[PDB]
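Those protein sequence lines, which keep their order, are chains A, B, C, D, E, F and G. For the first sequence, the residue numbers in the UniProt record's numbering are 3 to 79, 82 to 85. For the second sequence, the residue numbers in the UniProt record's numbering are 3 to 76. For the third sequence, the residue numbers in the UniProt record's numbering are 99, 112 to 156, 173 to 632. For the fourth sequence, the residue numbers in the UniProt record's numbering are 57 to 112. For the fifth sequence, the residue numbers in the UniProt record's numbering are 224 to 284, 292 to 501. For the sixth sequence, the residue numbers in the UniProt record's numbering are 828 to 943. For the seventh sequence, the residue numbers in the UniProt record's numbering are 4 to 89.
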Amino acid sequence: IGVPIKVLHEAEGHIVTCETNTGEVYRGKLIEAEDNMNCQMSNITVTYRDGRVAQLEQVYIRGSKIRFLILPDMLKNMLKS
Amino acid sequence: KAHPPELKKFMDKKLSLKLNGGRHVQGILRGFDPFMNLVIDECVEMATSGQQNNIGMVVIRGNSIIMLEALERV
Amino acid sequence: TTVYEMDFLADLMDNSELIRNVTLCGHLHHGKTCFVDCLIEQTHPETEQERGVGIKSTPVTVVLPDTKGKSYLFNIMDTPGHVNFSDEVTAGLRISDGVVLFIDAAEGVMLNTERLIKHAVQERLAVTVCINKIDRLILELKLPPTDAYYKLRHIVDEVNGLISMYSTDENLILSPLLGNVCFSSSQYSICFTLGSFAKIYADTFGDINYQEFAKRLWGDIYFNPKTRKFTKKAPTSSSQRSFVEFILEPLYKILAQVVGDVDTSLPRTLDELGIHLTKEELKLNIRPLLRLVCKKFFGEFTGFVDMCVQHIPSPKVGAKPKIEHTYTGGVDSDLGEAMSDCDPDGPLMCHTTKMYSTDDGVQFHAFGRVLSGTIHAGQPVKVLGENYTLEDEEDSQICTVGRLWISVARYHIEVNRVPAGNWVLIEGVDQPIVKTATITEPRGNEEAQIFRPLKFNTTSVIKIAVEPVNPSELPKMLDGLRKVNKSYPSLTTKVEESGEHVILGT
Amino acid sequence: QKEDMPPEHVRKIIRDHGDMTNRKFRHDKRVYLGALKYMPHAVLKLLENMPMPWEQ
Amino acid sequence: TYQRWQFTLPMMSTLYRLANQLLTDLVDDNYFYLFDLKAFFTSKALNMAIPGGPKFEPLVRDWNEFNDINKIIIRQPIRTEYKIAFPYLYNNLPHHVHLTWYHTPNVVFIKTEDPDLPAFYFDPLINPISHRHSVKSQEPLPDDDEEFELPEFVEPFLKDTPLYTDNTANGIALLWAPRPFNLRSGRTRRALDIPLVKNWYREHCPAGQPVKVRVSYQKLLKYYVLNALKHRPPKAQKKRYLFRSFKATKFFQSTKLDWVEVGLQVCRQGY
Amino acid sequence: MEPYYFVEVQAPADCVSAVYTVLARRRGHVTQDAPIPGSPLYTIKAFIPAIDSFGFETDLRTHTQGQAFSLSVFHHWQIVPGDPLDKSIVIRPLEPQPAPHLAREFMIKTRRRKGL
Amino acid sequence: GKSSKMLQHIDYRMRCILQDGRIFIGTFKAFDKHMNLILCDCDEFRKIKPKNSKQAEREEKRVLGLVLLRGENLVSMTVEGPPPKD
RNA sequence: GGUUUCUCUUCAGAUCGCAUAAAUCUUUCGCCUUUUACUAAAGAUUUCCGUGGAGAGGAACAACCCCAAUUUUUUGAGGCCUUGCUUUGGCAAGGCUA
Ligand SMILES: Nc1nc2c(ncn2[C@@H]2O[C@H](COP(=O)(O)OP(=O)(O)OP(=O)(O)O)[C@@H](O)[C@H]2O)c(=O)[nH]1
Ligand SMILES: [Mg+2]
Ligand SMILES: [Mg+2]
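Given below as structure tokens:
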């Protein structure tokens with residue numbers, strides 16, 4: 003698969019977030035992920051187009067619906085590039 | 003290739019569909035196809051006017067499908 | 099006589127749920143330390175030896191990719207295979223959360239395999255099985271594939287019936303379909319399950335569903351070509367079963383090609399298997415060759431890590447069926463639940479089951495797992511004896527931590543802080559304590575309980591009286607008998623009424 | 057480089073000298089003598105390459 | 224320069240068959256259990272002697295209570311085999327001792343009779359499997375008739391190759407050959423450095439050949455052990471080359487001659 | 828009562844006689860002998876007193892050229908053939924006592940060391 | 004065909020412009036098939052990217068960090084910095 | 001841009017060289033009238049027969065056709081009205097459409 007997709011796959015379990023195609027953000031821990039980008043997240047926070055922030059228990063969302071996504075300070079460590 | 007949603011554990015549970023149009027429905031998500039399509043029965047659409055109106059069984063178009071957020075801990 | 115990576119391992123530490131605590135067990139000589147050795151190379155490209179027998183067990187901590195790439199923390203307690211050092215199996219099954227019985231392709235069921243499944247049942251761990259040394263069916267045994275499958279099915283059915291002997295609840299029947307058993311030949315660089323075998327099958331070939339495919343192979347299912355559809359018994363093709371057809375036959379030829387047709391048929395079959403090899407690396411001798419080729423085909427380790435993570439409690443799931451046996455209460459008010467959290471937090475109730483002395487001095491390195499709390503350097507901690515009961519506190523000696531070590535097999539890794547979920551080698555609490563200790567908060571008192579001092583499989587029956595030649599150095603001889611009593615689990619010494627020093631052993 | 061010779065060269069010198077009695081050579085006398093210190097090298101060398109009975 | 228050879232497995236199997244006579248028909252080392260260098264080192268150090276092994280001069284040269299004859303039970307009498315198997319349990323002051331032990335997983339590699347029957351071929355020698363049990367088992371068996379189907383691109387990962395050839399049974403036999411043969415490529419040694427008979431004198435039970443030859447066996451064993459024991463790393467180096475220093479001088483010529491000729495030459499020169 | 832050991836000896840075909848003889852030498856009680864399927868090996872199983880458990884490994888491997896191999900575990904205690912209390916049974920103090928007197932000696936020597 | 008034109012600006016700093024118009028400043032440590040961008044220590048800039056303006060260069064700034072974006076919207080790639088040897 | 005080979009220089013075996021010789025010294029052991037030549041153990045040091053690492057020249061020999069409706073080379077995300085906002089800019093909101 004792709005190198006960013008592999009970073010995401012190994013990011014299963016670690017603390018991350020995402021910003022979807024519409025401009026809202028959802029943060030969470032790594033629960034599920036696919037090479038097809040179908041994102042399973044849990045105990046997340048949600049911050050909407052004005053900034054409405056809250057908790058969401060679990061969800062699974064299509065890949066194309068994600069534009070950006072935040073990883074923690076760990077993974078940057082396949083440094084062959 | 004052709005990997006579908008990991009929707010076995012997610013089957014048979016009520017989730018709210020947020021898709022295009024600001025499109026909000028609720029409904030029991032019990033199945034789909036590997037294109038990320040849904041087939042969600044008991045769907046009550048939550049229009050902008052706030053009304054949740056039940057229409058029943060449909061084929062939950064993954065095409066513009068953004069996300070589904072469930073009401074149980076599955 | 112790891113700068114950018116120990117941070118990473120530490121965050122995995124604080125994860126406490128990518129981590130796997132197992133004891134690596136089995137019978138004698140059966141491949142364990144060889145797999146571990148090849149594996150330390152997979153990790154770093156960076173008396174026992176001459177005896178050829180493993181005597182004491184060793185802890186290893188490593189970070190391994192599973193078949194999707196998520197790194198895992200692995201605590202592996204590699205045991206002795208010798209019947210008499212089973213006290214090491216006891217300590218290992220204590221401080222770890224599951225067991226991996228590794229069994230030989232050539233033998234199957236014997237003494238330590240049998241009584242090791244027995245010990246693991248009576249202490250309710252996870253049950254893993256890795257059948258190893260599979261060349262011993264092919265090059266050594268010369269067994270055609272059908273009867274090869276026969277023997278494999280036999281080892282499986284014997285061990286399973288025996289676990290049925292020791293287990294009331296048939297919650298688990300083991301066969302490679304579920305994630306129970308890896309297949310390996312440790313020195314020849316091979317680990318696989320039907321899972322990863324078929325998954326690399328796919329990763330090389332067409333798109334087919336690797337997981338559903340893995341669901342189809344072991345256990346008497348056939349496949350007919352024209353249908354391309356797996357069937358219960360209905361080829362009168364009078365052919366093999368899916369597992370044979372897909373794994374044995376091909377690898378039988380793989381080997382027979384490596385060792386028989388090393389010269390001509392290996393270039394073409396090497397192309398056909400996708401691996402290229404340079405002239406100088408085919409200019410190798412047969413066993414180094416077969417090892418390198420098997421690596422470059424079968425990939426690293428995946429049957430093992432996959433099956434293991436697939437059937438692991440992981441102390442965060444962990445604690446709960448354990449505190450029953452571990453703790454003297456299990457769960458009443460304070461500390462059963464305290465550890466039951468398995469969080470890095472507060473209480474700090476610990477179980478040190480090993481003490482490895484420095485070749486230099488008299489001190490030890492205590493070794494045990496963090497059920498509760500978070501231990502760090504200089505932290506005062508108060509130890510809980512084997513005789514320590516709630517209202518016998520003199521037994522509790524109170525100390526601190528000098529330095530903190532973590533173990534890859536024979537390299538020592540010092541840091542300053544560790545949370546619940548791990549094992550650890552403590553410096554500083556050796557002199558007060560005996561075979562087992564249970565550690566608690568220093569100068570912080572809420573209230574503490576202890577675990578029952580470790581119970582064994584074996585009957586100690588042998589009697590050996592010992593004396594110095596000149597009675598003058600008897601206190602030094604006493605220092606020595608101390609140190610052996612502390613470094614050994616059930617070696618029991620007594621100063622007998624006749625005035626003597628007797629040892630009772632296995 | 058230092059290069060080989062026809063065998064007949066040495067053969068001629070050696071059958072020439074024979075046993076150093078002829079007053080012709082009369083100085084290889086003393087060099088011959090001084091060569092004794094290495095006669096145990098010649099013998100080890102000769103005997104460790106012997107012809108291994110399947111070759112003639 | 225004639226080094227570093229590489230060979231073909233046909234070559235190797237033919238050679239093996241030809242040097243079959245001067246060879247050991249052993250497959251592993253569980254034969255030499257109490258008969259190896261380390262056992263001999265322990266014996267030598269304890270001045271004990273294995274039945275068929277060498278004897279060495281003793282290494283170095292009142293009352294006790296454990297030896298009290300009223301307190302002992304002799305049910306099976308101690309012997310030197312035990313005192314060497316467990317050096318520290320069965321001996322006081324065991325000094326300069328090697329603790330040798332071996333539980334080598336016995337190897338079972340079955341000789342064929344003819345080349346004919348296939349490489350993999352169940353021979354009577356193996357015991358007939360006949361694994362028995364209860365009602366054997368059932369599985370979480372994913373029945374078909376729901377569905378599954380193989381996109382007919384894949385194959386059983388290689389079926390276009392036969393399992394065996396006219397090289398397979400060789401390639402298996404050559405997997406347990408003494409060190410010279412169990413290879414395919416390696417350096418060449420000097421002609422002297424090859425001891426042919428080591429495998430012969432290192433055998434454990436000669437079983438009734440004259441006392442002459444049995445004593446011979448043991449004294450060759452002794453020489454072997456001493457050589458092993460007194461071995462130094464070469465420890466130092468300076469690197470004269472006598473013959474190059476000779477050849478680089480204006481008095482030395484060179485040739486290629488016949489052995490016998492240089493032989494009569496050397497003799498004449500010495501005389 | 829003295830303990831017994833269960834032993835599990837893998838053996839090639841021939842030395843069955845050997846293990847039988849050795850166990851008889853040490854009061855064996857071979858219970859079981861059965862092949863290993865998929866190999867020309869046998870596995871023999873037997874009891875043997877903790878007393879005569881000593882060096883039996885070396886004895887066996889020596890007599891059979893290491894072909895056989897013995898592993899042992901304590902299995903159970905049992906009655907020793909002796910009458911612990913008879914004064915008319917005397918100890919020839921180094922020769923091996925025959926079965927009627929194993930517990931008699933056992934007591935005498937054990938107390939002689941310890942019990943007085 | 005020479006195919007380095009990616010990796011040459013890889014291992015180098017890059018300003019990535021998504022179809023959302025903002026400036027994502029990050030190291031191009033790699034690309035992907037769909038052109039996704041996994042770049043660390045990243046900064047999200049919304050008002051401008053600043054170019055030696057006597058007025059200022061810091062307006063509408065946030066720290067994103069290790070960001071992994073899907074290349075579905077990866078629009079423009081420029082070089083904003085050289086390699087920091089870290 | 002590589003091997004084979006010649007020669008020239010330079011450093012090392014910590015289990016070797018899957019083989020294994022001799023010498024010197026210190027001390028015990030034995031042969032015994034004296035010394036050499038010996039025995040056979042230990043310890044400490046060496047020579048020799050081979051090998052390995054590095055470099056320099058030099059030589060011979062190889063060679064300047066189909067394609068997109070959840071992640072990018074087709075994608076209908078379209079407009080405006082009004083409001084609130086904020087200094088204008090501009091932001092966010094509801095609706096009408098066709
Ligand atoms: N022939 C063969 N042997 C193998 C293979 N993999 C492992 N082994 C065996 O593994 C041994 C290495 O030592 P181990 O047997 O693992 O030591 P151990 O069994 O762990 O000893 P304990 O620690 O006391 O249990 C080698 O002697 C091999 O006999 C293999 O693929 N082929
Ligand atoms: Mg081991
Ligand atoms: Mg005189």
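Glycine included, C-beta positions come from ideal geometry on N, C-alpha and C.
Problem - Bridge partner(s) assigned by DSSP for residue 468 of chain C - result: Within the third sequence, numbered from 1, the residue matching residue 468 of chain C stands at position 342. Under DSSP, residue 468 of chain C shares a beta bridge with no residue.
Exercise for the section: Using the DSSP secondary-structure output, state which residues sit across from residue 21 of chain B in a beta bridge. Expected result: Residue 21 of chain B sits at position 19 when you count from the first residue of the second sequence. In DSSP, residue 21 of chain B forms a bridge with B:25, B:67.
Practice task
Kindly confirm or deny that the region 838 to 849 of chain F and the region 254 to 269 of chain E touch, where touching means at least three C-beta pairs closer than 8 angstroms.
Solution key: Fewer than three beta-carbon pairs drawn from the region 838 to 849 of chain F and the region 254 to 269 of chain E are found closer than 8 angstroms, and the two stretches are therefore not classed as touching.
Practice task
With distances taken Cα to Cα, identify the nearest neighbour of residue 68 of chain A among G:81, G:40, G:87, G:85.
Solution key: Numbered from 1 along the first sequence, position 66 holds the residue referred to as residue 68 of chain A. Comparing Cα positions, the closest option is G:40.
Problem - Supposed contact pair residue 253 of chain E and residue 882 of chain F - C-beta distance, whole angstroms, cut 8 angstroms - result: Position 55 of the sixth sequence, counting from 1, holds the residue named residue 882 of chain F. Position 30 of the fifth sequence, counting from 1, holds the residue named residue 253 of chain E. By a beta-carbon distance limit of 8 angstroms, residue 882 of chain F does not contact residue 253 of chain E. Their separation comes to about 18 angstroms.
Practice task
For chain A, find out if any of its Cβ atoms is closer than 8 angstroms to the Cβ of residue 19 of chain B; answer yes or no.
Solution key: Taking the second sequence and counting its residues from 1, the one referred to as residue 19 of chain B is at position 17. So no, residue 19 of chain B is outside the interface.
Exercise for the section: Would you kindly work out how many angstroms separate the C-alpha atoms of residue 498 of chain C and residue 540 of chain C, rounded to a whole number? Expected result: Here residue 498 of chain C corresponds to residue number 372 of the third sequence, with the count starting at 1. Here residue 540 of chain C corresponds to residue number 414 of the third sequence, with the count starting at 1. Residue 540 of chain C has its alpha-carbon roughly 21 angstroms from the corresponding atom of residue 498 of chain C.
Exercise for the section: Check each candidate in C:133, C:423, C:354, C:343 and name the one with the smallest Cα separation from residue 380 of chain C. Expected result: Position 254 of the third sequence, counting from 1, holds the residue named residue 380 of chain C. Nearest of C:133, C:423, C:354, C:343 to residue 380 of chain C, Cα basis: C:423.
Exercise for the section: Using three-state DSSP, classify residue 393 of chain C as helix, strand or coil. Expected result: Taking the third sequence and counting its residues from 1, the one referred to as residue 393 of chain C is at position 267. Residue state for residue 393 of chain C is assigned as helix, using DSSP reduced to three classes.
Problem - Bridge-paired residues (DSSP) for residue 899 of chain F - result: In the sixth sequence, the residue the question calls residue 899 of chain F occupies position 72. Note: residue 899 of chain F sits in a beta bridge opposite F:834.
Problem - Amino acids of chain E, ordered along the chain, whose beta-carbon sits closer than 8 angstroms to that of residue 357 of chain C - result: Here the question's residue 357 of chain C lines up with position 231 in the third sequence. Counting only Cβ-Cβ distances below 8 angstroms, residue 357 of chain C has contacts in chain E at 374, in chain order.
Handout entry: residue 136 of chain C: CB within 7 angstroms of a non-hydrogen atom of ligand 2
Key = The residue labelled residue 136 of chain C in the question sits at position 26 within the third sequence. Because no heavy atom of ligand 2 lies under 7 angstroms away, the Cβ of residue 136 of chain C does not count as near it: no.
Handout entry: Chain-ordered chain F contacts of residue 624 of chain C [CB-CB under 7 angstroms]
Key = Here residue 624 of chain C refers to the residue found at position 498 when the third sequence is read from its first residue. At a C-beta separation below 7 angstroms, residue 624 of chain C has these neighbours in chain F: 940, 941.
Handout entry: Endpoints, beta strand (DSSP E) assigned at residue 19 of chain G
Key = Mapped onto the seventh sequence, residue 19 of chain G falls at position 16. Residue 19 of chain G -> beta strand (DSSP E) spans 15 to 21.
Exercise for the section: Would you verify that the beta carbon of residue 445 of chain E is, or is not, closer than 8 angstroms to some beta carbon of chain F? Expected result: Here residue 445 of chain E refers to the residue found at position 215 of the fifth sequence. No - not a single Cβ of chain F is within 8 angstroms of the one on residue 445 of chain E.
Exercise for the section: Taking only heavy atoms of ligand 2 into account, decide whether any of them is closer than 7 angstroms to the Cβ of residue 182 of chain C. Expected result: Position 56 of the third sequence, counting from 1, holds the residue named residue 182 of chain C. Residue 182 of chain C Cβ: outside cutoff for every heavy atom of ligand 2.
Handout entry: Whole-angstrom distance between residue 26 of chain G and residue 28 of chain A, CA atom to CA atom
Key = As a first step, residue 28 of chain A must be located in the first sequence, where it is residue number 26. As a first step, residue 26 of chain G must be located in the seventh sequence, where it is residue number 23. Rounded to the nearest angstrom, the two C-alpha atoms are 21 angstroms apart.
Practice task
State yes or no: is the C-beta of residue 142 of chain C nearer than 7 angstroms to some heavy atom of ligand 2?
Solution key: Locating residue 142 of chain C in the third sequence gives position 32, counting from the first residue. Within the cutoff, so yes.
Handout entry: residue 313 of chain C beta carbon near ligand 1 (any heavy atom closer than 7 angstroms)
Key = The count along the third sequence starts at 1 and reaches residue 313 of chain C at position 187. Short note on residue 313 of chain C: C-beta closer than 7 angstroms to some heavy atom of ligand 1.
Exercise for the section: Output the distance between the C-alpha atoms of residue 373 of chain C and residue 150 of chain C, rounded to the nearest integer angstrom. Expected result: As a working note, residue 373 of chain C is residue 247 in the third sequence. As a working note, residue 150 of chain C is residue 40 in the third sequence. Approximately 27 angstroms between the Cα atoms of the pair.
Exercise for the section: Within the same chain, show all residues whose beta-carbon is closer than 7 angstroms to that of residue 97 of chain G, passing over the 5 residues directly before and after it, in chain order. Expected result: Look at the range of chain G in this structure, 4 to 89, and you will see that residue 97 of chain G is not part of it.
Exercise for the section: Take residue 633 of chain C and list the residues in its own chain whose beta-carbon comes closer than 8 angstroms to its own, dropping the five residues that flank it on each side. Expected result: Outside the displayed span of chain C (99 to 632) sits residue 633 of chain C, for which this structure offers no information.
Handout entry: Which of helix, strand or coil DSSP assigns to residue 520 of chain C
Key = As a working note, residue 520 of chain C is residue 394 in the third sequence. If DSSP states are grouped into helix, strand and coil, residue 520 of chain C belongs with coil.
Exercise for the section: Please list the partners that residue 79 of chain A has in chain C, where partner means a Cβ-to-Cβ separation under 7 angstroms. Expected result: Indexing the first sequence from 1 puts residue 79 of chain A at position 77. Near residue 79 of chain A (Cβ distances below 7 angstroms), the residues of chain C are 114, 115, 118.
Exercise for the section: For the beta strand (DSSP E) containing residue 131 of chain C, list its first residue and its last residue. Expected result: Within the third sequence, numbered from 1, the residue matching residue 131 of chain C stands at position 21. From DSSP, the beta strand (DSSP E) with residue 131 of chain C extends over 129 to 136.
Practice task
Look at residue 327 of chain C and residue 339 of chain E and say whether their C-beta atoms are less than 8 angstroms apart.
Solution key: On the third sequence, position 201 is the one that residue 327 of chain C refers to. On the fifth sequence, position 109 is the one that residue 339 of chain E refers to. Result no, Cβ atoms of residue 327 of chain C and residue 339 of chain E do not sit closer than 8 angstroms.
Exercise for the section: Measure the C-alpha to C-alpha separation of residue 74 of chain G and residue 81 of chain G and round it to an integer number of angstroms. Expected result: Residue numbering aside, residue 74 of chain G sits at position 71 when the seventh sequence is read from its first letter. Residue numbering aside, residue 81 of chain G sits at position 78 when the seventh sequence is read from its first letter. Spanning the alpha carbons of residue 74 of chain G and residue 81 of chain G requires a straight line of approximately 15 angstroms.
Handout entry: Per DSSP, cross-strand counterpart(s) of residue 538 of chain C
Key = For the purposes of this step, residue 538 of chain C is taken as residue 412 along the third sequence, with counting starting at 1. BP columns for residue 538 of chain C point to C:533.
Problem - Contact list for residue 33 of chain G against chain A, beta-carbon separation under 8 angstroms - result: Numbered from 1 along the seventh sequence, position 30 holds the residue referred to as residue 33 of chain G. Proximity of chain A to residue 33 of chain G at the Cβ level (cut-off 8 angstroms) is accounted for by 5, 6, 85, in chain order.
Practice task
Specify the secondary structure class of residue 357 of chain C as computed by DSSP and reduced to three states.
Solution key: Position 231 of the third sequence, counting from 1, holds the residue named residue 357 of chain C. Note: residue 357 of chain C maps to strand in three-state DSSP.
Exercise for the section: Give the single residue among E:281, E:363, E:342, E:235 whose Cα lies nearest to the Cα of residue 354 of chain E. Expected result: Within the fifth sequence, the letter at position 124 stands for residue 354 of chain E. Comparing alpha-carbon positions, the option among E:281, E:363, E:342, E:235 lying closest to residue 354 of chain E turns out to be E:342.
Exercise for the section: Would you list the residues sitting across from residue 1 of chain B in a DSSP beta bridge? Expected result: Nothing about residue 1 of chain B can be reported from this structure: the residues present for chain B run from 3 to 76 only.
Problem - Spatial neighbours of residue 127 of chain C in its chain, beta-carbon cut-off 7 angstroms, leaving aside the 5 residues before and after - result: Stepping through the third sequence from its first residue, residue 127 of chain C is reached at position 17. If the five residues before and after residue 127 of chain C are omitted, its C-beta is found closer than 7 angstroms to the C-beta atoms of 440, 442, all from its own chain and listed in chain order.
Handout entry: Where residue 369 of chain C falls: helix, strand or coil (DSSP)
Key = Looking up residue 369 of chain C in the third sequence gives position 243. Correct three-state label for residue 369 of chain C: helix.
Handout entry: Chain-order list of residues whose beta-carbon lies under 8 angstroms from that of residue 863 of chain F (same chain, five-residue window excluded)
Key = As a position in the sixth sequence, residue 863 of chain F is number 36, starting the count at 1. Excluding positions up to five away in sequence, the list reads 837, 869, 870.
Handout entry: Residues that residue 549 of chain C bridges to, as DSSP identifies them
Key = For the purposes of this step, residue 549 of chain C is taken as the residue at position 423 of the third sequence. Note: residue 549 of chain C sits in a beta bridge opposite C:495.
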